[PDB]
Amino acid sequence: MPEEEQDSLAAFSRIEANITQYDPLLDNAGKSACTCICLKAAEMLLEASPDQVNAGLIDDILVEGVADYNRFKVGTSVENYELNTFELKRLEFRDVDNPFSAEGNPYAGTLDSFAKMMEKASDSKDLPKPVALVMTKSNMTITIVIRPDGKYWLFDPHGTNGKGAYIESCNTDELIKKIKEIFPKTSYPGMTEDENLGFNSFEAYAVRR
């Protein structure tokens, strides 16, 4: 019955996990669990309909993603994760006419080139839809699902203020705005290029089911 359904992306623009108990792990940039969970999110969201994306589904991303994180710790890759574990396949995606790119490397850019990247990614000439981008800086990973209509689901395992995890439905302008808030331009006097690159560039991997 409709009155018994959880709120979902079929009727709202932002859906939040209920589970917070993993947040010390997800928020720890000294670990790669945030990336594992972004890969689980791509796995699960690529073939979801909006009405399926409720708090319970995000909870499942966290629970199942932490299990695969643990399984990896005991004993084709993205940041050392085997994509087969997530039933994902990697697609070649880079800024070809750009001197920082090389065949087989992820798409490298800065905030100033994020919109251009999305323009290429959202072009079914370049990547089929749905397709997901797993996007990293030195201290955070997100997943951007490119949906059939060409709009986006942004999955953020950090959550607002580090608490929980959320998915937002975005058009292009909204996505750019959100990425500027999650990947903000960062500076302080004396900052070396190790931190300039770590905070102010990104790499993005394209994955599909």
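Don't overthink the numbering: it's just position in the shown sequence, from 1.
Higher mean CA temperature factor between 30 to 38 and 155 to 163: 155 to 163, per the PDB entry.
Between the stretches 94 to 102 and 118 to 126, it is 118 to 126 that shows the larger average CA temperature factor. Highest CA B-factor among the listed residues (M135, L88, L111, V131): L111. Per the deposited coordinates, the residue with the largest Cα temperature factor out of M191, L25, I15, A11 is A11. Sort the modelled residues of the chain by CA B factor and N171 lands in the lowest third. Remark: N70 belongs to the lowest third of its chain, ranked by C-alpha B-factor as recorded. Ranked by C-alpha B-factor against the other modelled residues of its chain, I179 falls in the middle third. Compared with the other modelled residues of the chain, the Cα B-factor recorded for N54 ranks in the middle third. Among all modelled residues in its chain, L45 ranks in the middle third by Cα B-factor.
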